[PDB]
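S.K.: I am attaching a structure below and will ask some questions about it afterwards.
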Amino acid sequence: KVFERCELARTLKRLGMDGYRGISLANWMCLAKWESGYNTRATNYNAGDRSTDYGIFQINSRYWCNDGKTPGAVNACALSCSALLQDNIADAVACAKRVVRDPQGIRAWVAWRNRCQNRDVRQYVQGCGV
């Protein structure tokens with residue numbers, strides 16, 4: 001499923017992402033936009049460490065979910081990476097929450113640092129009724 005901006009903004013709000021660990025909805029919108037373009041079935045294989053980024057948030061298999069083919073990987077979200085390719089994003093959000101519960105917080109994703117940090121994210125939720 002590929003969300004439309006405002007449709008995603010409300011779906012994330014309903015799932016309690018607005019201000020989760022101090023992170024605004026706009027930051028989450030900026031993250032999903034740059035990570036997948038709001039596409040829940042987006043995937044990226046990294047040939048260097050044989051890991052794969054799954055879903056709307058491009059969550060990595062080395063640490064967050066199990067796909068059985070990433071060497072010496074862990075499963076912090078206690079999910080099959082398949083759960084991260086669902087049209088329903090509730091599991092991906094539960095995992096994105098797990099990710100920011102760690103030291104780095106939202107900075108865990110380099111793309112966020114690149115295109116959202118200290119940038120104007122206001123534009124991502126304007127008109128969405130959030």
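In the structure tokens, chains take letters A, B, ... by order of appearance, with residues numbered from 1 within each chain and ligands from 1 in the order shown.
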With only C-alpha atoms as the counted atoms, please give the residues lying no more than 10 Å from residue 5 of chain A, apart from itself and same-chain residues fewer than 3 positions off, as number ranges by chain.

M.R.: A: 2, 8-10, 29-30, 32-33, 37-38, 124-128

S.K.: Excluding same-chain residues fewer than 6 positions from segment 101-111 of chain A, what lies within 8 Å of it counting only C-alpha atoms, as a ChimeraX atom specification?

M.R.: /A:21,23,31,34-35

S.K.: Point out the residue among A:28, A:54, A:45, A:63 with the least atom-to-atom distance to residue 115 of chain A, counting only C-alpha atoms.

M.R.: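 Among A:28, A:54, A:45, A:63, it is A:28 that comes nearest to residue 115 of chain A.
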
S.K.: Quick one: residues within 10 Å of segment 83-92 of chain A, only C-alpha atoms, excluding same-chain residues fewer than 6 positions away - as a list in words?

M.R.: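 Final neighbour list, sorted by chain and number: residues 1, 2, 3, 8, 11, 12, 14, 15, 39, 40, 41, 42, 43, 53, 54, 55, 56, 57, 58, 59, 65, 66, 77 and 98 of chain A.
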
S.K.: Just asking: which residues within chain A are strand (DSSP E) according to DSSP, as an NGL selection string?

M.R.: :A and (43-46 or 51-54 or 59-60)

S.K.: Output C-alpha atoms for every residue in the selection just made, as a short mmCIF file (atom, residue, chain, number, x, y, z; two decimals), in the first residue's frame.

M.R.:
data_model
loop_
_atom_site.label_atom_id
_atom_site.label_comp_id
_atom_site.auth_asym_id
_atom_site.auth_seq_id
_atom_site.Cartn_x
_atom_site.Cartn_y
_atom_site.Cartn_z
CA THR A 43 12.54 -3.02 0.51
CA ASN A 44 16.24 -2.48 0.24
CA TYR A 45 18.95 -5.09 0.22
CA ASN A 46 22.38 -4.08 1.54
CA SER A 51 20.71 -7.07 5.73
CA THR A 52 17.45 -5.71 4.28
CA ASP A 53 15.40 -2.61 5.12
CA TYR A 54 11.66 -3.38 5.26
CA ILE A 59 13.50 -1.08 9.33
CA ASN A 60 16.71 -3.15 9.10
#
